[PDB]
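Report on one structure; see the data block that follows.
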Amino acid sequence: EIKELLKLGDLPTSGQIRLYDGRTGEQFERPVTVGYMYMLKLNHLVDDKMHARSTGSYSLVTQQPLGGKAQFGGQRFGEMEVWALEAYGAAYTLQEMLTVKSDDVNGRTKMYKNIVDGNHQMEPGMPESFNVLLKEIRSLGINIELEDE
Amino acid sequence: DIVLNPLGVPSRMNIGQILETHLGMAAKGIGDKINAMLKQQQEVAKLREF
Amino acid sequence: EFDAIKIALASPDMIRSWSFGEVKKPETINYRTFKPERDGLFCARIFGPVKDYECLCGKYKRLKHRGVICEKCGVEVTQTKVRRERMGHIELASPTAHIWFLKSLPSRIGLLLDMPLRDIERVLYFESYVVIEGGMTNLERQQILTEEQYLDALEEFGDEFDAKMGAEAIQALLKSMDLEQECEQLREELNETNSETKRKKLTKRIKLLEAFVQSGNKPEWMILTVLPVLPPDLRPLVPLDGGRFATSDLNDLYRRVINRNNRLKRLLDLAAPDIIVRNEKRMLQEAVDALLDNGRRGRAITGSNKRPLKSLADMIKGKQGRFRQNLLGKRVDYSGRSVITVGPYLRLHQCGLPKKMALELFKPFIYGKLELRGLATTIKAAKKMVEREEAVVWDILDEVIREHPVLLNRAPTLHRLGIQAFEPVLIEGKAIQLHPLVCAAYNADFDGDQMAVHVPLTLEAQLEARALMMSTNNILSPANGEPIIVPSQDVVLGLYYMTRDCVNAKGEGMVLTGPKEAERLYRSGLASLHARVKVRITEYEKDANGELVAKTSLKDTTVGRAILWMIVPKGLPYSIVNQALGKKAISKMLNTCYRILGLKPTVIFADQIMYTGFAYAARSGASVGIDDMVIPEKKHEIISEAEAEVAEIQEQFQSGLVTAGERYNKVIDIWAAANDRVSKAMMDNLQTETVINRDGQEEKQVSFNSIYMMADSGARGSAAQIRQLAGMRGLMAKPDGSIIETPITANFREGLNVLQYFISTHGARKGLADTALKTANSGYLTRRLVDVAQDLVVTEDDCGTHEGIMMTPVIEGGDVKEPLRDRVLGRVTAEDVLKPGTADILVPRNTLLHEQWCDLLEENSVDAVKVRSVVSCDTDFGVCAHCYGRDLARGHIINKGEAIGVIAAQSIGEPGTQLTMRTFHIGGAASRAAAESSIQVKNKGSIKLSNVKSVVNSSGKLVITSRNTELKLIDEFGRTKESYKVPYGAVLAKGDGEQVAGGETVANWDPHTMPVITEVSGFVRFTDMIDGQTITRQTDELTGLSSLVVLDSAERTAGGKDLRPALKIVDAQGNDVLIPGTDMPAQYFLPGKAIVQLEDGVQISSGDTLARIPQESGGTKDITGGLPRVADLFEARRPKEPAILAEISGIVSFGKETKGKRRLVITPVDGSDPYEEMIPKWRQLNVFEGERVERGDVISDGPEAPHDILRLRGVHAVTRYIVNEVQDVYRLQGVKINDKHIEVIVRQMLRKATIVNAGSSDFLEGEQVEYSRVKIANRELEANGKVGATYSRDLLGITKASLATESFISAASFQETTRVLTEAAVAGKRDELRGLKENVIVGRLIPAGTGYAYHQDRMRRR
Amino acid sequence: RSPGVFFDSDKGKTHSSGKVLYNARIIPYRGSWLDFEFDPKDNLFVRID
Amino acid sequence: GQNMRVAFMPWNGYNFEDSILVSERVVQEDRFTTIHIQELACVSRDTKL
Amino acid sequence: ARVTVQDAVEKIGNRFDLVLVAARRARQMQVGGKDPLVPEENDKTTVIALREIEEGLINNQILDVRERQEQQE
RNA sequence: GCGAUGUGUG
DNA sequence: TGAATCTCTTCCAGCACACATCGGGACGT
DNA sequence: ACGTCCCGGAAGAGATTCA
Ligand SMILES: Nc1ccn([C@@H]2O[C@H](COP(=O)(O)OP(=O)(O)OP(=O)(O)O)[C@@H](O)[C@H]2O)c(=O)n1
Ligand SMILES: [Mg+2]
Ligand SMILES: [Zn+2]
Ligand SMILES: [Zn+2]
């Protein structure tokens, strides 16, 4: 029935036309399929998906950057990404990725200033959320400490 | 007006969209034939026949 | 700053030293004002100030007053972070049991007092009594006493004889216990007793005690008296929109406990009545239990309406405790995210990145450069400028981008290619552009995926992103060696079209003078892109070092193929393009280019491939159209034959000659066969379709049908999908492991009536459901793997040993699947390989079999190499370099540091997940293949059987009565070419050692029945076969005859459960026919649900199927059934009927028969002969009273247990078992994984060991200690003149070898925290850093790469 | 699920012997459930909620 | 949605995986120019101070 | 200009010692003066470090030597 | 700027 | 009299987004 | 109203089968 309808029109039976390239103006080999397909837009738009964070707020209990776009949050360098970096040899990247870029407060203020002075260098310290883990395990009956060097 | 990608069809086994395309091309062919018969004014007996 | 972390119990003195004041008031704050209540929970004089250096009273608001206190409110004017650091305590009135140590299962308190946890709970919840320091009366010490018994006792015994109830009583028992003698008393009791159970109990109790004494702990510390309250900041009180504070779970729990404490304090100053003080103590106890760990007791409390509020054990445990939520995966600044799109104009080491994301990410660098140039003095001017986006910042931004890598990431990151680096290139728009040769690694189609960018800040980090993580530096997968920058779809189509040849196109057979004017002809349009042509091409070679012979000649080729030769770099030979260049061909093109010219030529050559491929693909314009899907005409015929066969099988099932499962399998198999025939018909029709004239008459060729090319080149899809588009679409699988017995018989080009479509719905919903749920499974798997295979890092350049596992080619029955070259490519030969000209040592015993040596081995036809392997590497704390063999993803040997643990665990667990989330878009098709019912040999050769125990049946053939019988085809040079599995009861055509030729069916059996063939000949009597109880007796209406069906456990009652239905061959005179050479009758046990078709008293010859067993084959064979087998392996679960193995070698004998067991006594030549073992005598032994066994040989059959494999045959045996099994799964699904990774998991599995004779060392005899430790110990003991320490290795599953670890932050991070923390606490287990996950938790370098160099420095300093 | 009675099987998994059980449930539209079930000792045991 | 003249063919890779390629004729004739409407609020509260 | 570090790895066999040596040299350039030993094409300090390595005129040995020399001075 | 539920993405 | 095997109870079940609503009532001044 | 309360898997421990 479609063949019969096309042939009612003045269009080729196969439904494939020869097309000419817009750039070089020379014919295509092997005729291609054209027609009118009914297409739809979808409310997943780039200007509602794109997002970027350099320095914004910080969560309140574990001094880490917030999460989400409404809140001006940064991404979640997650557990399997930590595995990927461990799988590479990269270790300084991971250190700054979960000490300076994220948590340690003295660390990241000093890092921000070192940057705005042109001196790229980190000074780690200790993850504040780890300090919190100590406080909780210590609030239970248990006693976790940090032995002398 | 839009270039899709052939290699997407026989993998994504939805052969339906290709027939949708052909049948749409038929529909628009009839549409342009009417458009010509209507631009060149054609003694509506002709429109009626077509 | 610090080092190893210690953990222990906490004395009340310890807690009082922590706290900075006492909490008394269960009232938080005002929320009319917002000052905090005095000495409540958010107090001020306890937990420091509220505002920076601003006392609460107001008298003091100046930095000058640092350190001083107030005198009116009395709050130390200091920073506010002090509110994060300080802690407070509660003075509980009556002591309180600590719910962890109570209910850790094992109950520390329990097996401390040795008192049943039931009774201890009854005491702790104030509904019983217990005597404490009894006295010289009728009663014991640990005796419990109910209400009534205590009533009666106080009636009779009103003496000093003392019993109490509750936490005070538990504390009294604890404190009045002396361990330093209990240890010796219990050890004496061990020396006394003999029962295994008593031994196990007393040894766990004696371990607890001796460790509890070694640590500086005291049993009266398990019982809280002073509960500490967490700081205020760590439990903040959130304001919602308004002046209202939504509920906070910690503050709720604390408030409850404080109210109970206060009310009970009030009762204990009024001499309150005993029932009320008892009820209130119980309430306080239950409240503290809720606080420590809600829900471990009975009905958990809830606060909002009906959801359990969150306690501290839940702040630590779970998928959302601090471990898996904020100490491993952290949210990160300097990040961003967007949607990806293509942009093929990129060199493959750079990625587009929208202007706005760039300007938002590099803001600090921009500030630096602005106030460095001087365009803005302060920082605020800079902030104004970059916000207003004045036109200087774009030049600034170019200069701060130019050479600065950024990390791109795709969300479900699986393998270490999930994060790569790129240099940025600023773009308009808002989408990250990505080079097309990298979607193969990210698994990123552009149907809407999102990628996240990170910026490396520090200078070392940029150098890492450039020298380890760049895109160019990863053009070989770390799983298999084959490339991972393989061109995917449009380009492979463009090439498969650009390098081919039709018979008579333009410019046929005219000579050309070089690739240049080949291109010039094609462009001017005087010759079709592909018509065969003789051209002078000049190919180079490097036959000597750095040499390049430039030999030139007249190849025969096709115009387009030469145009492609304009690109290929110098070294590669011209026979590399003269084929048609499918996807496999182009991949190995890149692979050879890599191996021969290093890196930079191959990168530039991959760019050239992509460019030219896209170009000539566009020029082709290979569109798909409806007409290009041709329906065959063998389809109708094949389908009609299939329906005739299902009709016949339906008739037979109507005649009852076959059971339900048997008819089901018959139907499904004929449909599979007809499916195969239809597919072959369509595929032939498509491929050779085009018959075109030559200037002769006519000639056929390979078609240019568009869908044929899209399926032949290897761009997308496969024969399965083009099958569903042209032939019938086969069968359909239920969401579980089932196949429907009504196959769709139509293809999409044809319509589908409603019913067929409905069945297709069954199939597709299988697809989706399995993706989701099996995804969950596989993810959990990879987690477990990378948490047992973590603490493993190449550390030495050479261990210096000589153990090595053996390597042979693997064959399945057709083509050799994974040949010796593929298995032993790149691995250090253990022991020099003799040329088979014996004593001509071909390769020395520490060479690295790279590709040249692999070719030598292939030429000289070696089929066994002994090669070094990680499982037997003798280095302490790691693996030496050589024993790990060739690294992958780089050519050269492994380095010193590259953390092979994690890369191995990922490459094993990855394709489980990746295939899972993809298993659907084949459709619902059924990957099912018949058993082939016969072994059709392929090539001239000889025959070799292994493990045959056959017998000659009546008709003169040879049936096989042995289980694992393995057939082999040898060639005419000695080489082993074929191996088959001949199932039980199969019929051999030729015996062993007989020359057969091709196409000579040697074996023939029935693929849906496990027969019960005999070995003797005589009459038959049913033994122990009572109707109704065990067997059932059906009757054929048609033939008037009957038949037996033997039932399993599911129906027999106690009337037959103690019976055994079995056939028994008698002779004509009613006597026991004995199997030749034996003394045991010829009895044959029938398994459950077995069909007996014969009659009684019948005469039968040797080798006749007395009984059939419907085989009950599984449904489908995709990766939704494989992966659980992988879990079973790496868990080391004991299978159902473990084939028992021969423990000690020597001759065998029987013993004294029990009711239903049977002794087996193996006597060696001379040694400790009395070894025995009981065998459940319903298990058919595979050895007879006279013959002899060697340790490791079987006695019965079936599955085979890895524990026993280990303790009998050897580590090499168990590792070869594990690797062959898991490779069987992943190859059946078609997945390349090199073996090193499975071997390193096996290593990390078997790492604990158990002592046998401490000798001169210091190990308890029945102790379990890690193998490396005992090895270094007895190694130095041997270095002195002493005796070693005999040990036996254990094989723990992974999810146990990760818990029983020396560290405990690792364990705590893995899969449960209650158990690990309580145990580590009571032992005081000091933990060093020593590994990767520990150092990551604590947040410092990782002794993996660059960190490994640093830790060299650090361990050197200390 | 419709308020009424249902005679369910729960075959296989339990008891690791293939002995099926047979639990009859009375599911009322508003109130307390009611369940009857056998044991591998062929004993008829009731439970409530 | 709206019906557009499509033609199936590879075209210089700009539709490598699935990436539809759209001619500027479409964006000129405003035949996907959708409209959104956001709702922004602003509350005023009298509190302490 | 720099795309691949393969020559740098060839002259420092580790591919991790590459990161360490290069970073140390780059700090020498960026923080404390010490002009490069190769005509910089406005490539950054990082690429300049890797480039000097490719010229085979920097490695851990030369760095230790020259640091010791200047520190004595 | 917390946690729940929910819908929806790759 | 002790060693199997049947019963019950704890513990885990992939990753990364995006957005929406909604957050406790019950009585003396 | 303000203020002030209320499911596979496994390992422990019955308990039942050998004597
Ligand atoms: N629970 C899920 C669902 C989807 N994905 C991601 O989604 C990808 C599959 O995308 P999808 O579009 O659903 O299937 P594709 O075949 O990749 O593309 P298409 O559906 O268009 O065929 C997977 O690789 C995976 O990365 C995932 O990780 N986890
Ligand atoms: Mg997809
Ligand atoms: Zn004050
Ligand atoms: Zn070694």
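Please note that chains go A, B, ... in the order of the structure tokens, that every chain numbers its residues from 1, and that ligands are numbered from 1 in the order shown.
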>> Among chain A, which residues does DSSP mark as alpha helix (DSSP H) when it is run on the backbone? Keep the chain and numbering as in the structure and answer as number ranges by chain.
In response: A: 2-8, 46-49, 79-87, 92-98, 105-116, 128-139
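For residue 13 (chain F), the residues within 12 Å (counting only C-alpha atoms (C1' of nucleotides), excluding itself and residues fewer than 4 positions away along the chain) are residues 892, 893, 894, 895 and 896 of chain C; 5, 6, 7, 8, 9, 17, 18, 19, 21, 53, 59 and 60 of chain F.
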>> Would you pick out the contacts of region 3-7 of chain H at 9 Å or less, using only C-alpha atoms (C1' of nucleotides), so that residues sharing its chain but fewer than 6 positions from it are not included, and give the list as a PyMOL selection string?
In response: (chain C and resi 195-197) or (chain D and resi 15) or (chain I and resi 14-17)
>> What's around residue 6 (chain G) at 12 Å? Count only C-alpha atoms (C1' of nucleotides), leave out sequence neighbours fewer than 6 positions away in its own chain, and write the answer as number ranges by chain.
In response: H: 19-22
>> Could you list, as an MDAnalysis selection string, every residue within 7 Å of residue 38 (chain D), counting only C-alpha atoms (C1' of nucleotides) and ignoring same-chain residues fewer than 6 positions away?
In response: chainID D and resid 21:23 44:45
>> Show me which residues line ligand 4, defined as having an atom within 6 Å of a ligand atom where only C-alpha atoms (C1' of nucleotides) and all ligand atoms count, and present them as a PyMOL selection string.
In response: chain C and resi 798-799+873-875+879-880+883
Could you write out the selected residues, including N, CA, C and O atoms, as a PDB file, in the first residue's frame?
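So again.pdb came out as:
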ATOM      1  N   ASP C 798      62.705  -8.482  41.675  1.00  0.00           N
ATOM      2  CA  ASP C 798      62.823  -9.915  41.432  1.00  0.00           C
ATOM      3  C   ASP C 798      62.823 -10.656  42.754  1.00  0.00           C
ATOM      4  O   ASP C 798      63.705 -10.428  43.581  1.00  0.00           O
ATOM      5  N   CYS C 799      61.866 -11.559  42.940  1.00  0.00           N
ATOM      6  CA  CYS C 799      61.833 -12.322  44.179  1.00  0.00           C
ATOM      7  C   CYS C 799      62.987 -13.304  44.243  1.00  0.00           C
ATOM      8  O   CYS C 799      63.610 -13.476  45.294  1.00  0.00           O
ATOM      9  N   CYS C 873      54.637 -16.356  44.515  1.00  0.00           N
ATOM     10  CA  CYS C 873      55.738 -15.412  44.589  1.00  0.00           C
ATOM     11  C   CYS C 873      56.163 -15.238  46.032  1.00  0.00           C
ATOM     12  O   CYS C 873      55.333 -14.997  46.908  1.00  0.00           O
ATOM     13  N   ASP C 874      57.465 -15.323  46.260  1.00  0.00           N
ATOM     14  CA  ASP C 874      58.037 -15.433  47.594  1.00  0.00           C
ATOM     15  C   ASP C 874      58.499 -14.089  48.116  1.00  0.00           C
ATOM     16  O   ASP C 874      59.561 -13.982  48.724  1.00  0.00           O
ATOM     17  N   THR C 875      57.750 -13.031  47.869  1.00  0.00           N
ATOM     18  CA  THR C 875      58.100 -11.728  48.404  1.00  0.00           C
ATOM     19  C   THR C 875      57.176 -11.381  49.556  1.00  0.00           C
ATOM     20  O   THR C 875      56.003 -11.755  49.562  1.00  0.00           O
ATOM     21  N   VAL C 879      54.258  -8.323  45.640  1.00  0.00           N
ATOM     22  CA  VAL C 879      54.554  -9.252  44.563  1.00  0.00           C
ATOM     23  C   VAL C 879      55.747  -8.701  43.822  1.00  0.00           C
ATOM     24  O   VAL C 879      55.762  -7.515  43.492  1.00  0.00           O
ATOM     25  N   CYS C 880      56.729  -9.535  43.530  1.00  0.00           N
ATOM     26  CA  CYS C 880      57.867  -8.980  42.832  1.00  0.00           C
ATOM     27  C   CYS C 880      57.498  -8.696  41.386  1.00  0.00           C
ATOM     28  O   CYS C 880      56.452  -9.106  40.893  1.00  0.00           O
ATOM     29  N   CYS C 883      57.584 -11.958  38.754  1.00  0.00           N
ATOM     30  CA  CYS C 883      56.507 -12.899  39.015  1.00  0.00           C
ATOM     31  C   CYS C 883      55.159 -12.384  38.552  1.00  0.00           C
ATOM     32  O   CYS C 883      54.257 -13.184  38.309  1.00  0.00           O
TER      33      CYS C 883
END
>> Neighbouring residues of ligand 2 are defined here as those with any atom at most 10 Å from a ligand atom, counting only C-alpha atoms (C1' of nucleotides) and all ligand atoms; list them as number ranges by chain.
In response: C: 443-449, 917-918, 921; E: 17-18; G: 10
>> Neighbours of ligand 3 at 8 Å or closer, counting only C-alpha atoms (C1' of nucleotides) and all ligand atoms: which residues, as an MDAnalysis selection string?
In response: chainID C and resid 55:60 69:75
Given the selection you just returned, output its residues as a file containing C-alpha atoms, formatted as a PDB file, in the first residue's frame.
ATOM      1  CA  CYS C  55      31.332  35.807  75.164  1.00  0.00           C
ATOM      2  CA  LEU C  56      27.715  35.016  75.912  1.00  0.00           C
ATOM      3  CA  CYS C  57      27.429  37.545  78.733  1.00  0.00           C
ATOM      4  CA  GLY C  58      28.600  40.438  76.581  1.00  0.00           C
ATOM      5  CA  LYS C  59      31.237  41.737  78.984  1.00  0.00           C
ATOM      6  CA  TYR C  60      33.932  40.536  76.589  1.00  0.00           C
ATOM      7  CA  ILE C  69      36.399  33.500  80.940  1.00  0.00           C
ATOM      8  CA  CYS C  70      33.231  35.301  81.833  1.00  0.00           C
ATOM      9  CA  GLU C  71      32.042  35.440  85.415  1.00  0.00           C
ATOM     10  CA  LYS C  72      28.280  35.848  84.887  1.00  0.00           C
ATOM     11  CA  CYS C  73      27.574  33.224  82.239  1.00  0.00           C
ATOM     12  CA  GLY C  74      31.108  31.875  82.422  1.00  0.00           C
ATOM     13  CA  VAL C  75      31.998  30.986  78.835  1.00  0.00           C
TER      14      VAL C  75
END
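In this model, the gap between CA of residue 46 (chain F) and CA of residue 26 (chain F) comes to 5.8 Å.
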